[PDB]
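Notes to accompany the following structure.
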Amino acid sequence: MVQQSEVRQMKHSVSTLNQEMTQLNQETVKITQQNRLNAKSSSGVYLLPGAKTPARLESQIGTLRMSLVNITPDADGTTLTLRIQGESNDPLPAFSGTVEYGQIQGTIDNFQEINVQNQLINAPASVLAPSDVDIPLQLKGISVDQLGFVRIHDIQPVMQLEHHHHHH
């Protein structure tokens, strides 16, 4: 019932608004957008190519932190360096992940993920502590200038053995 006949007819009458705050650095704005969307995400973390900031994700192998650097155009899509940094002090075993990437045409109040598809980021077995890895993420179809968001999710260990949870 919010559908009211509300008109924007510019009438010549003075109206004093509240003291609107100052402007902000463009990158910092995209960072503020990243953080807000990050919390609004239930499937992994939002890495906005315009923010390039590191995001913390609690995976099956452990708590890791990804970020986007060296973002450059590709033959088909866009090549950027996907860095997996360990938040813990432990080495991270071999794992694969499903990364979504597309465009955001809406606002923070209401945004639609359009032109979005995914790719498999498979990193090697990190036998070093602390664990830090960098792998080339060759995005397809989408152009660097047209990049809206790169969301890392679905992180799973590959072909590695478990330890028998002997409780009985």
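Ordering of the structure tokens sets the chain letters (A, B, ...), residue numbers begin anew at 1 in every chain, and ligands are numbered from 1 in the order given.
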Can I get the residues of segment 87-115 of chain A within 12 Å of segment 12-36 of chain A, each with the closest pair of atoms and their distance in Å to one decimal, using only C-alpha atoms, sorted chain first then ascending number, as JSON lines?
```
{"residue": "A:104", "atom": "CA", "partner": "A:33", "partner_atom": "CA", "distance": 11.1}
{"residue": "A:106", "atom": "CA", "partner": "A:33", "partner_atom": "CA", "distance": 11.9}
{"residue": "A:107", "atom": "CA", "partner": "A:33", "partner_atom": "CA", "distance": 9.5}
{"residue": "A:108", "atom": "CA", "partner": "A:33", "partner_atom": "CA", "distance": 7.4}
{"residue": "A:109", "atom": "CA", "partner": "A:36", "partner_atom": "CA", "distance": 10.3}
{"residue": "A:111", "atom": "CA", "partner": "A:33", "partner_atom": "CA", "distance": 11.5}
```
Output N, CA and C atoms for every residue in that selection, as a short mmCIF file (atom, residue, chain, number, x, y, z; two decimals), in the first residue's frame.
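Final output, selection11.cif:
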```
data_model
loop_
_atom_site.label_atom_id
_atom_site.label_comp_id
_atom_site.auth_asym_id
_atom_site.auth_seq_id
_atom_site.Cartn_x
_atom_site.Cartn_y
_atom_site.Cartn_z
N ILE A 104 26.74 -5.41 -11.20
CA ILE A 104 25.72 -4.93 -10.26
C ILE A 104 25.08 -3.63 -10.78
N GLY A 106 22.06 -2.44 -9.70
CA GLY A 106 21.21 -1.81 -8.68
C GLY A 106 21.98 -0.98 -7.66
N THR A 107 21.35 -0.76 -6.50
CA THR A 107 21.95 0.01 -5.40
C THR A 107 22.20 -0.88 -4.18
N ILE A 108 22.71 -0.30 -3.10
CA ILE A 108 22.91 -1.05 -1.86
C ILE A 108 21.56 -1.46 -1.24
N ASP A 109 20.55 -0.63 -1.47
CA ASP A 109 19.19 -0.91 -0.99
C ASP A 109 18.55 -2.07 -1.77
N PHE A 111 19.90 -4.45 -5.25
CA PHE A 111 20.81 -4.71 -6.37
C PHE A 111 20.54 -6.08 -7.01
#
```
For this session: Write out as a VMD selection string all residues of chain A that DSSP puts in helix (DSSP H, G or I) for this structure's backbone.
Result: chain A and resid 26 to 40 144 to 146
Can you write out the residues you just picked, keeping N, CA, C and O atoms, as a PDB file, in the first residue's frame?
```pdb
ATOM      1  N   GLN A  26      36.841   7.788  -4.209  1.00  0.00           N
ATOM      2  CA  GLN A  26      36.151   6.795  -5.042  1.00  0.00           C
ATOM      3  C   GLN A  26      36.469   5.354  -4.615  1.00  0.00           C
ATOM      4  O   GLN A  26      35.561   4.543  -4.432  1.00  0.00           O
ATOM      5  N   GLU A  27      37.751   5.036  -4.441  1.00  0.00           N
ATOM      6  CA  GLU A  27      38.147   3.686  -4.021  1.00  0.00           C
ATOM      7  C   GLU A  27      37.523   3.331  -2.662  1.00  0.00           C
ATOM      8  O   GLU A  27      36.957   2.250  -2.488  1.00  0.00           O
ATOM      9  N   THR A  28      37.596   4.267  -1.718  1.00  0.00           N
ATOM     10  CA  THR A  28      37.017   4.080  -0.379  1.00  0.00           C
ATOM     11  C   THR A  28      35.499   3.839  -0.449  1.00  0.00           C
ATOM     12  O   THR A  28      34.944   3.088   0.354  1.00  0.00           O
ATOM     13  N   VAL A  29      34.833   4.479  -1.410  1.00  0.00           N
ATOM     14  CA  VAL A  29      33.400   4.247  -1.645  1.00  0.00           C
ATOM     15  C   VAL A  29      33.147   2.789  -2.061  1.00  0.00           C
ATOM     16  O   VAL A  29      32.269   2.116  -1.513  1.00  0.00           O
ATOM     17  N   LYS A  30      33.928   2.305  -3.028  1.00  0.00           N
ATOM     18  CA  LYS A  30      33.832   0.909  -3.480  1.00  0.00           C
ATOM     19  C   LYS A  30      34.172  -0.068  -2.342  1.00  0.00           C
ATOM     20  O   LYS A  30      33.573  -1.135  -2.234  1.00  0.00           O
ATOM     21  N   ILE A  31      35.130   0.306  -1.494  1.00  0.00           N
ATOM     22  CA  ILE A  31      35.449  -0.476  -0.293  1.00  0.00           C
ATOM     23  C   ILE A  31      34.237  -0.539   0.655  1.00  0.00           C
ATOM     24  O   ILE A  31      33.854  -1.609   1.125  1.00  0.00           O
ATOM     25  N   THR A  32      33.629   0.616   0.912  1.00  0.00           N
ATOM     26  CA  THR A  32      32.421   0.694   1.743  1.00  0.00           C
ATOM     27  C   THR A  32      31.278  -0.133   1.128  1.00  0.00           C
ATOM     28  O   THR A  32      30.468  -0.733   1.839  1.00  0.00           O
ATOM     29  N   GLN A  33      31.215  -0.151  -0.204  1.00  0.00           N
ATOM     30  CA  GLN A  33      30.239  -0.974  -0.930  1.00  0.00           C
ATOM     31  C   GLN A  33      30.561  -2.470  -0.764  1.00  0.00           C
ATOM     32  O   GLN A  33      29.671  -3.283  -0.517  1.00  0.00           O
ATOM     33  N   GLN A  34      31.846  -2.809  -0.876  1.00  0.00           N
ATOM     34  CA  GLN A  34      32.324  -4.186  -0.691  1.00  0.00           C
ATOM     35  C   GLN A  34      31.911  -4.723   0.688  1.00  0.00           C
ATOM     36  O   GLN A  34      31.250  -5.751   0.786  1.00  0.00           O
ATOM     37  N   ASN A  35      32.291  -4.003   1.744  1.00  0.00           N
ATOM     38  CA  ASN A  35      31.975  -4.399   3.125  1.00  0.00           C
ATOM     39  C   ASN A  35      30.466  -4.634   3.332  1.00  0.00           C
ATOM     40  O   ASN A  35      30.057  -5.644   3.909  1.00  0.00           O
ATOM     41  N   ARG A  36      29.649  -3.696   2.856  1.00  0.00           N
ATOM     42  CA  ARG A  36      28.188  -3.805   2.983  1.00  0.00           C
ATOM     43  C   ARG A  36      27.635  -5.035   2.238  1.00  0.00           C
ATOM     44  O   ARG A  36      26.847  -5.803   2.793  1.00  0.00           O
ATOM     45  N   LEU A  37      28.051  -5.222   0.986  1.00  0.00           N
ATOM     46  CA  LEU A  37      27.624  -6.387   0.198  1.00  0.00           C
ATOM     47  C   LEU A  37      28.190  -7.690   0.787  1.00  0.00           C
ATOM     48  O   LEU A  37      27.549  -8.741   0.746  1.00  0.00           O
ATOM     49  N   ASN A  38      29.395  -7.599   1.349  1.00  0.00           N
ATOM     50  CA  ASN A  38      30.063  -8.740   1.984  1.00  0.00           C
ATOM     51  C   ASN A  38      29.174  -9.346   3.082  1.00  0.00           C
ATOM     52  O   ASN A  38      28.954 -10.558   3.128  1.00  0.00           O
ATOM     53  N   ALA A  39      28.654  -8.483   3.953  1.00  0.00           N
ATOM     54  CA  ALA A  39      27.739  -8.902   5.017  1.00  0.00           C
ATOM     55  C   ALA A  39      26.390  -9.382   4.452  1.00  0.00           C
ATOM     56  O   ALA A  39      25.746 -10.264   5.018  1.00  0.00           O
ATOM     57  N   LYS A  40      25.962  -8.791   3.334  1.00  0.00           N
ATOM     58  CA  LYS A  40      24.701  -9.176   2.681  1.00  0.00           C
ATOM     59  C   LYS A  40      24.835 -10.499   1.903  1.00  0.00           C
ATOM     60  O   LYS A  40      23.838 -11.068   1.453  1.00  0.00           O
ATOM     61  N   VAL A 144      37.246  -6.136 -18.214  1.00  0.00           N
ATOM     62  CA  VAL A 144      37.732  -5.430 -17.014  1.00  0.00           C
ATOM     63  C   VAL A 144      36.955  -4.126 -16.745  1.00  0.00           C
ATOM     64  O   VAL A 144      36.604  -3.821 -15.601  1.00  0.00           O
ATOM     65  N   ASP A 145      36.682  -3.369 -17.804  1.00  0.00           N
ATOM     66  CA  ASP A 145      35.922  -2.120 -17.688  1.00  0.00           C
ATOM     67  C   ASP A 145      34.456  -2.392 -17.297  1.00  0.00           C
ATOM     68  O   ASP A 145      33.776  -1.532 -16.733  1.00  0.00           O
ATOM     69  N   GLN A 146      33.984  -3.600 -17.595  1.00  0.00           N
ATOM     70  CA  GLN A 146      32.592  -3.986 -17.335  1.00  0.00           C
ATOM     71  C   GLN A 146      32.463  -4.885 -16.090  1.00  0.00           C
ATOM     72  O   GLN A 146      31.387  -5.414 -15.812  1.00  0.00           O
TER      73      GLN A 146
END
```
Would you pick out the contacts of segment 55-72 of chain A at 7 Å or less, using only C-alpha atoms, so that residues sharing its chain but fewer than 4 positions from it are not included, and give the list as a compact mmCIF listing (two decimals) with N, CA, C and O atoms, in the first residue's frame?
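Saved result, result25.txt, follows:
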```txt
# COMPACT_ATOMS: atom_id res chain seq x y z
N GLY A 44 29.74 -17.26 0.21
CA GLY A 44 31.11 -16.74 0.10
C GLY A 44 31.22 -15.23 0.30
O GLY A 44 30.33 -14.60 0.87
N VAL A 45 32.33 -14.66 -0.18
CA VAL A 45 32.63 -13.24 0.03
C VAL A 45 32.67 -12.44 -1.29
O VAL A 45 33.09 -12.96 -2.33
N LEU A 47 34.35 -9.94 -3.63
CA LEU A 47 35.56 -9.20 -4.00
C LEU A 47 35.27 -8.27 -5.19
O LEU A 47 35.31 -8.68 -6.35
N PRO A 49 36.13 -5.78 -7.94
CA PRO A 49 37.34 -5.39 -8.69
C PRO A 49 37.67 -3.89 -8.55
O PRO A 49 38.81 -3.47 -8.75
N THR A 78 38.77 -11.40 -18.71
CA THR A 78 39.68 -10.56 -17.91
C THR A 78 40.60 -11.40 -17.00
O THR A 78 40.12 -12.24 -16.24
N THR A 79 41.91 -11.17 -17.08
CA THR A 79 42.88 -11.88 -16.23
C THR A 79 43.30 -11.04 -15.01
O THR A 79 43.83 -9.94 -15.16
N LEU A 80 43.06 -11.56 -13.81
CA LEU A 80 43.49 -10.90 -12.58
C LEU A 80 44.09 -11.91 -11.59
O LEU A 80 43.73 -13.08 -11.59
N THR A 81 45.02 -11.45 -10.75
CA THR A 81 45.70 -12.33 -9.80
C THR A 81 44.88 -12.53 -8.52
O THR A 81 44.68 -11.60 -7.73
N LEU A 82 44.42 -13.77 -8.31
CA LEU A 82 43.65 -14.14 -7.12
C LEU A 82 44.59 -14.67 -6.03
O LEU A 82 45.16 -15.76 -6.16
N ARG A 83 44.76 -13.89 -4.97
CA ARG A 83 45.69 -14.26 -3.88
C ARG A 83 44.94 -14.84 -2.67
O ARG A 83 44.07 -14.18 -2.11
N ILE A 84 45.30 -16.06 -2.27
CA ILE A 84 44.73 -16.69 -1.08
C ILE A 84 45.71 -16.61 0.11
O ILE A 84 46.69 -17.36 0.17
N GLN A 85 45.46 -15.68 1.02
CA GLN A 85 46.31 -15.49 2.20
C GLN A 85 45.70 -16.14 3.45
O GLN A 85 44.51 -16.00 3.71
N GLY A 86 46.52 -16.86 4.21
CA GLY A 86 46.04 -17.54 5.41
C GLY A 86 45.89 -16.61 6.61
O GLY A 86 46.85 -15.96 7.03
N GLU A 87 44.69 -16.54 7.16
CA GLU A 87 44.43 -15.75 8.38
C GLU A 87 45.04 -16.45 9.61
O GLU A 87 45.42 -15.81 10.59
N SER A 88 45.14 -17.78 9.53
CA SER A 88 45.73 -18.59 10.60
C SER A 88 47.26 -18.68 10.46
O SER A 88 47.86 -18.05 9.59
N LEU A 92 47.89 -24.41 4.31
CA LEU A 92 46.61 -24.82 3.69
C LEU A 92 46.82 -25.87 2.59
O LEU A 92 47.54 -25.64 1.62
N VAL A 144 37.25 -6.14 -18.21
CA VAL A 144 37.73 -5.43 -17.01
C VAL A 144 36.96 -4.13 -16.75
O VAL A 144 36.60 -3.82 -15.60
N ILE A 155 34.39 -23.52 -1.27
CA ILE A 155 35.80 -23.90 -1.13
C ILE A 155 35.92 -25.33 -0.57
O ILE A 155 35.53 -25.60 0.57
N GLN A 156 36.47 -26.24 -1.37
CA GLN A 156 36.51 -27.66 -1.02
C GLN A 156 37.90 -28.27 -1.23
O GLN A 156 38.58 -27.96 -2.21
N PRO A 157 38.35 -29.15 -0.32
CA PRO A 157 39.66 -29.83 -0.43
C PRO A 157 39.68 -30.91 -1.52
O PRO A 157 38.67 -31.57 -1.76
```
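Picture a line from atom CA of residue 126 of chain A to atom CA of residue 46 of chain A; it runs 23.7 Å.
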Problem set entry | For residue 130 of chain A: contacts at 7 Å, only C-alpha atoms, fewer than 4 positions along chain excluded, given as a ChimeraX atom specification | /A:86,89-91
For this session: Mind the document's chain letters and residue numbers, and return as an MDAnalysis selection string the residues of segment 4-164 of chain A that DSSP labels strand (DSSP E).
Result: chainID A and resid 45:47 55:58 63:73 78:86 95:104 113:123 132:139 149:157
Write the residues of the preceding selection, restricted to C-alpha atoms, as a PDB file, in the first residue's frame.
```pdb
ATOM      1  CA  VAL A  45      32.630 -13.238   0.030  1.00  0.00           C
ATOM      2  CA  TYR A  46      32.261 -10.287  -2.403  1.00  0.00           C
ATOM      3  CA  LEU A  47      35.558  -9.198  -4.004  1.00  0.00           C
ATOM      4  CA  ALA A  55      38.008 -10.455   2.289  1.00  0.00           C
ATOM      5  CA  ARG A  56      37.984 -13.129   5.042  1.00  0.00           C
ATOM      6  CA  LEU A  57      36.272 -16.488   4.304  1.00  0.00           C
ATOM      7  CA  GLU A  58      35.917 -19.479   6.674  1.00  0.00           C
ATOM      8  CA  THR A  63      40.095 -19.418   7.570  1.00  0.00           C
ATOM      9  CA  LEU A  64      41.600 -17.797   4.443  1.00  0.00           C
ATOM     10  CA  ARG A  65      41.642 -14.280   2.910  1.00  0.00           C
ATOM     11  CA  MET A  66      41.360 -13.484  -0.841  1.00  0.00           C
ATOM     12  CA  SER A  67      42.035 -10.270  -2.828  1.00  0.00           C
ATOM     13  CA  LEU A  68      42.121  -8.988  -6.451  1.00  0.00           C
ATOM     14  CA  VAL A  69      45.290  -7.422  -7.957  1.00  0.00           C
ATOM     15  CA  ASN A  70      46.910  -6.966 -11.418  1.00  0.00           C
ATOM     16  CA  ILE A  71      43.461  -6.764 -13.071  1.00  0.00           C
ATOM     17  CA  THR A  72      44.023  -6.745 -16.874  1.00  0.00           C
ATOM     18  CA  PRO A  73      41.898  -7.526 -20.013  1.00  0.00           C
ATOM     19  CA  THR A  78      39.684 -10.560 -17.912  1.00  0.00           C
ATOM     20  CA  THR A  79      42.880 -11.880 -16.226  1.00  0.00           C
ATOM     21  CA  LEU A  80      43.493 -10.898 -12.579  1.00  0.00           C
ATOM     22  CA  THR A  81      45.704 -12.326  -9.798  1.00  0.00           C
ATOM     23  CA  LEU A  82      43.651 -14.143  -7.124  1.00  0.00           C
ATOM     24  CA  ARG A  83      45.685 -14.260  -3.881  1.00  0.00           C
ATOM     25  CA  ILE A  84      44.730 -16.691  -1.077  1.00  0.00           C
ATOM     26  CA  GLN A  85      46.314 -15.488   2.197  1.00  0.00           C
ATOM     27  CA  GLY A  86      46.042 -17.536   5.405  1.00  0.00           C
ATOM     28  CA  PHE A  95      41.749 -27.001  -2.603  1.00  0.00           C
ATOM     29  CA  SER A  96      39.342 -25.933  -5.382  1.00  0.00           C
ATOM     30  CA  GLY A  97      36.804 -23.082  -5.312  1.00  0.00           C
ATOM     31  CA  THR A  98      33.807 -21.781  -7.302  1.00  0.00           C
ATOM     32  CA  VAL A  99      34.153 -18.045  -8.092  1.00  0.00           C
ATOM     33  CA  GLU A 100      31.101 -16.073  -9.321  1.00  0.00           C
ATOM     34  CA  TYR A 101      31.651 -12.868 -11.337  1.00  0.00           C
ATOM     35  CA  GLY A 102      29.290 -10.402 -13.035  1.00  0.00           C
ATOM     36  CA  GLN A 103      27.732  -6.904 -12.853  1.00  0.00           C
ATOM     37  CA  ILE A 104      25.724  -4.925 -10.259  1.00  0.00           C
ATOM     38  CA  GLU A 113      23.405  -9.669  -9.936  1.00  0.00           C
ATOM     39  CA  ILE A 114      23.349  -9.636 -13.779  1.00  0.00           C
ATOM     40  CA  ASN A 115      25.682 -11.140 -16.439  1.00  0.00           C
ATOM     41  CA  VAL A 116      27.135 -13.383 -13.703  1.00  0.00           C
ATOM     42  CA  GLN A 117      28.921 -16.718 -14.288  1.00  0.00           C
ATOM     43  CA  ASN A 118      31.551 -18.814 -12.457  1.00  0.00           C
ATOM     44  CA  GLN A 119      34.983 -20.465 -12.771  1.00  0.00           C
ATOM     45  CA  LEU A 120      37.069 -23.098 -10.897  1.00  0.00           C
ATOM     46  CA  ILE A 121      40.053 -21.740  -8.922  1.00  0.00           C
ATOM     47  CA  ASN A 122      42.214 -24.764  -7.977  1.00  0.00           C
ATOM     48  CA  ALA A 123      45.217 -23.879  -5.765  1.00  0.00           C
ATOM     49  CA  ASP A 132      50.058 -17.569   1.247  1.00  0.00           C
ATOM     50  CA  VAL A 133      49.240 -18.398  -2.417  1.00  0.00           C
ATOM     51  CA  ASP A 134      48.652 -16.492  -5.684  1.00  0.00           C
ATOM     52  CA  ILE A 135      46.874 -17.975  -8.742  1.00  0.00           C
ATOM     53  CA  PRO A 136      45.866 -16.330 -12.090  1.00  0.00           C
ATOM     54  CA  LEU A 137      42.074 -15.976 -12.362  1.00  0.00           C
ATOM     55  CA  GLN A 138      41.305 -15.859 -16.110  1.00  0.00           C
ATOM     56  CA  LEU A 139      37.697 -14.572 -16.160  1.00  0.00           C
ATOM     57  CA  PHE A 149      31.777  -8.057  -8.631  1.00  0.00           C
ATOM     58  CA  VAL A 150      33.937 -11.179  -8.148  1.00  0.00           C
ATOM     59  CA  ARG A 151      32.464 -13.386  -5.376  1.00  0.00           C
ATOM     60  CA  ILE A 152      34.597 -16.270  -4.002  1.00  0.00           C
ATOM     61  CA  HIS A 153      32.569 -19.211  -2.579  1.00  0.00           C
ATOM     62  CA  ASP A 154      32.311 -23.034  -2.436  1.00  0.00           C
ATOM     63  CA  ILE A 155      35.799 -23.904  -1.128  1.00  0.00           C
ATOM     64  CA  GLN A 156      36.507 -27.660  -1.017  1.00  0.00           C
ATOM     65  CA  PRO A 157      39.664 -29.826  -0.430  1.00  0.00           C
TER      66      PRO A 157
END
```
